[PDB]
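Q: Structure in structure tokens, see below.
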Ligand SMILES: [K+]
Ligand SMILES: [K+]
Ligand SMILES: [K+]
Ligand SMILES: [K+]
Ligand SMILES: [K+]
Ligand SMILES: [K+]
């Protein structure tokens, strides 16, 4: 089936070029009638369409954001690529990879979307989180992810085996580091007979730590 | 101005590939609205359109002649190229390079044409002509004898003397060609004014002058 | 009357103008909407295909409009039954231009055919407008006895019967057909009306055109026209 | 005379038929012409542009049809066109060169016609009396030369009737045909065909065309009003 | 740029109900407008294309309409899963989006579930001490949480976030933390997480005996 | 393949006159037919495109017409320069041409100009001996040339060609040759180039005294 998945650096320094890449599987870049696009969502969840490239390799750009973008593609690998030059703190947003279709030529609607990649624009260094367990009708446990930069981290309980009754909380900023936590809830019988491990991932410092919960 | 000029070998051996090239000056291959084409004229002066290439590099072929032709181009040099594989004596003809225009999309008409290049398909060797003068208002000539393949070209003082020249069709004697030319000038003018027939046979790289002397 | 005719011309010229301003005001914004769609679509196609050039594509379009106008399609148009109908459009001076004469021959013949045909029709319509004249006169004539008896003066009956000459003819020749076509060719009532009136005034844009239903229309035209010949002349006096 | 009118109808019906057989015979051979052009043009464009795909281009066309149906042209409702359009209505020529898309416009178009036509019909009847008495007093001068050259005053009414036409004809048919043929780069045949189609108020709109033309129409129509009636008698 | 404003900004509605959102365009867009639903921590999904056409694999309870400037998206019978922010976007270049329109789903009030946690040994190692308090699965959104050291309110090094209305059960959750030095942790004894909600009359309290 | 039959095959016409050629197509060509004039030792020129449209820089005396299958090209006022073979070609793929239509221009009969030549010294060197006879600028085309050795007709190693009707003066020319061995040349004495044409009543003769 058709899948899109974004790629590249989570952090960019001001007055540099941001560069990302999107990997299409189950479909061809160069197939007639479908174009390809990059869209970003600011903090505050406001969407700006940036640019857009054809199956044939023709380009269209948001004039607001022209003269800094270049979108390119590589038909052989089956990918395409965004650049944006002279980046500032403004351009911090969650960049999205998507396919385009028409309802009559020109009328652009984005039908299939990507995972989403968070790009941050700051001078300060990436910091790995410290991860710490949380143990005290049915039991609750958690993991504290403390002191990480930049956004985000991602938490999973038994690598997506344990889904229901998890609450991963928004990040909170304490003076230039982030922190959040997650909150798995399970039947109080289940634990501690069944192993429960929060698999944490911070990609911008290449940190990927498990923690089991012990009384 | 726009000019087209064909290029390549005058002779081709059977079951080989004919390859020619056309050089455009005063205009761009890759300019929108004009396409480019190769057309050939048989002995007996019957024309067959062979193939056809766009400004954008899209190709259309005479299906009669498909599966042997490939037309290509080189935008940088500003040329384009014909190939034709497994050539036979059938394919002996005068190949022409031309630009294409439309009278509404599709309706193909060839507006500007090339010089013309004579391609022969034969086993026999190129032979240089022997050139010999002819001296008896006065008339003189040059006899171009025993040349292969077509053509030769004759000029009198390299195109200074145009009027009153008669270059005659080739005649075939048992596997060689021969023709002659027939300059006519005022009988006063000669022999005070030099008269020289500049002969050219390209397929043997022969280019001989002959002056006329009593 | 040469002062009065210059006064008319000026009225006509102000009428044409006052018209054109209304038509423009009604249409231009929707045309403009339509043209924004196209203009945008064209540009995207060029941007989307870099190997295509504007001056190449611009030609292609010119073909399509010409071909679509000629009647190509992304059921023969010159069968006998359509040809008749076409022939009809000429003498009636309605001239839909629903189909078009390609050959010169046909154009040439079209000339002579018109010059003869029209007046031949003009005669027939004048004849039908006398007999349809004496038809409607004898039609109301029996029921005129009941009108006069129910407390109506002889000056007033001439306006009531004049209205009913129309309202009955109208009913038959306008109201009825509008349903018919609206139903048949699945147009709106508005469209039916618009078509109906355009047809009968012998304007025949050809914006709109159409087993018992096939011949019925040819008849309907002839009698409707006769009816409307009179409706126009009455307005000529009214003016 | 109710027997004679049924006799006419039958003549008309045989005429229509005899027509349709001529039109068919001339045209039917070029029905599929239009579609061959398109189909061929489409394919060349695909062959000519390899970066274009069939199912991409196929969409674009669907737009064109929709846009042309919507009434765009690769301004049609400016003032200058609108006037001309307004003109086509009252004159009952109705090219349908441009068409009313909106309902509003259709509705207004109705009332505008009903008033406009008879208003025009009056004006044309007025011009056809004055242009009538204009040409009568014009050729009235040349009637004096006809009488002197062995011609009675009963025969001069046919010679001047011919010259009413041949002069009007010259001005209102022959002259314009050159004009348009030149101007809009049509053939003479086409010019004629257009000229006559226009003046008989048929107005296919196969052919259409600066202010001098608007004038020419009015006087030409007056001229042709008479030309038709003369044929009605002639028959 | 062609400007899309969208109303209303916020609203909450009960499941089973019908709901209708507006997108208003600055120019005439002639039916080239599309509608998306974004759930939290997800990319948008395509609901409606070409103003009115329903995207495949999306239930018929969604339906859109409009032409020109003024469009509207209607949901019949809200399921609980229909929570999210909604956007409209226009087809003409540059392609612009709506500002967003948040749709909360109302439900029967639900009672929170407070559980309190100490600082890990590992953390304590680092010379810091942070305590965590999860208040999960309640309604309405509105709630207050307080920390208490030795029965005395504390608001220094308290930080909390709160999840968006869950898709399944349309509840909220909170996580308040209390960040201290190892030294200041050890100094005091008893740590208390005090929660005020509409559901219970008195405050729901869990406590930590450090000793 | 669409077949283009073009009639007439040949014709000749006096200058000032008007001329009309036919091209007939095997299918309906919808006015997509073009006309070319080729002169000798030259590539074709475009006269008429799109059946009736006159190519720029070609005089108005040329004009074409037709539609569908049957077309026709008309030249109003023949100049001497209008000589050549004419072709029609159609627009649809594969694009095919006409078979050709040769147009001779008639004129007042003109008298040939015979000049005879010996074999060159250089040639004689090689051991061969070929004699040449130019009969230039005559009309009509029809003509006969004979060789005579010692007053006795010779047709062994005689070869001739003839030019196409000149553009300028619409005349023809001929070149007959006589090829011999040096030995067979030396054996005989007097060599004679005898020309039969409409213009002169007796045969136009030049002779070569070898001795
Ligand atoms: K039309
Ligand atoms: K009409
Ligand atoms: K019409
Ligand atoms: K009319
Ligand atoms: K009338
Ligand atoms: K009409």
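Sequence positions for chain D are given in Swiss-Prot numbering; the residues included correspond to 2-75, 87-221, 233-258, in order.
The header says X-ray crystallography, 2.8 Å.
Just so you know, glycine gets a Cβ as well, placed from its N, Cα and C.
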Q: Can you say which of D:104-109, D:110-115, D:116-121, D:122-127 is given as region 'Selectivity filter 1' in Swiss-Prot?
A: D:104-109
Q: If I go by Swiss-Prot, the feature region 'Selectivity filter 2' sits on one of D:201-206, D:207-212, D:213-218. Which?
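A: Region 'Selectivity filter 2', as annotated by Swiss-Prot, spans D:213-218.
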Q: Whole-number Å only: compute the distance from the Cα of residue D:216 (K(+) 3 binding site) to the Cα of residue D:105 (K(+) 1 binding site).
A: 8
Q: Across all the protein chains here, work out how many other Cβ atoms are within 10 Å of the Cβ of residue D:105 (K(+) 1 binding site).
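A: There are 26 of them.
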Q: What is the interatomic distance between the Cα atoms of residue D:105 (K(+) 1 binding site) and residue D:215 (K(+) 2 binding site), given in whole Å?
A: 5
Q: About how far apart, in whole Å, are the alpha carbons (Cα) of residue D:215 (K(+) 2 binding site) and residue D:107 (K(+) 3 binding site)?
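A: Residue D:215 (K(+) 2 binding site) and residue D:107 (K(+) 3 binding site) have their Cα atoms 5 Å apart.
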Q: Checking distant contacts: for the topological domain 'Extracellular' (D:196-200), what same-chain residues at least six beyond its ends satisfy Cβ-Cβ under 8 A?
A: 189-190, 206, 219, 221
Q: Taking only the Cα atoms, work out how far residue D:104 (K(+) 4 binding site) lies from residue D:214 (K(+) 1 binding site), in Å, as a whole number.
A: 8
Q: Roughly how big, as a whole number of Å, is the Cα gap between residue D:75 and residue D:87 that 11 unmodelled residues would have to close?
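A: Result for this gap is 11 Å, Cα to Cα.
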Q: If you count Cβ atoms within 10 Å of the Cβ of residue D:213 (K(+) 4 binding site), leaving out that atom itself, what do you get?
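A: Step by step: centre on the Cβ of residue D:213 (K(+) 4 binding site), count other Cβ atoms within 10 Å, giving 21.
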Q: Who are the chain neighbours of the intramembrane segment (D:215-220) in space, where the CB to CB distance is under 8 Å and they lie at least 6 residues beyond its ends?
A: 100, 105-109, 198, 202, 205-206, 209
Q: Out of D:104, D:106, D:213, D:215, which binding-site residues have CB atoms lying under 6 Å from ligand 6?
A: D:106, D:215
Q: For the intramembrane segment (D:201-214), could you work out the same-chain residues 6 or more beyond its ends whose Cβ comes under 8 Å from its Cβ atoms?
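A: Long-range Cβ neighbours of the intramembrane segment (D:201-214): 103-105, 184-185, 188-193, 240, 243-244, 246-247, 251.
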Q: Ranking the binding-site residues D:107, D:216 by other Cβ atoms within 10 Å, which is at the bottom?
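A: Result for the binding-site residues D:107, D:216: minimum number of other Cβ atoms within 10 Å at D:107.
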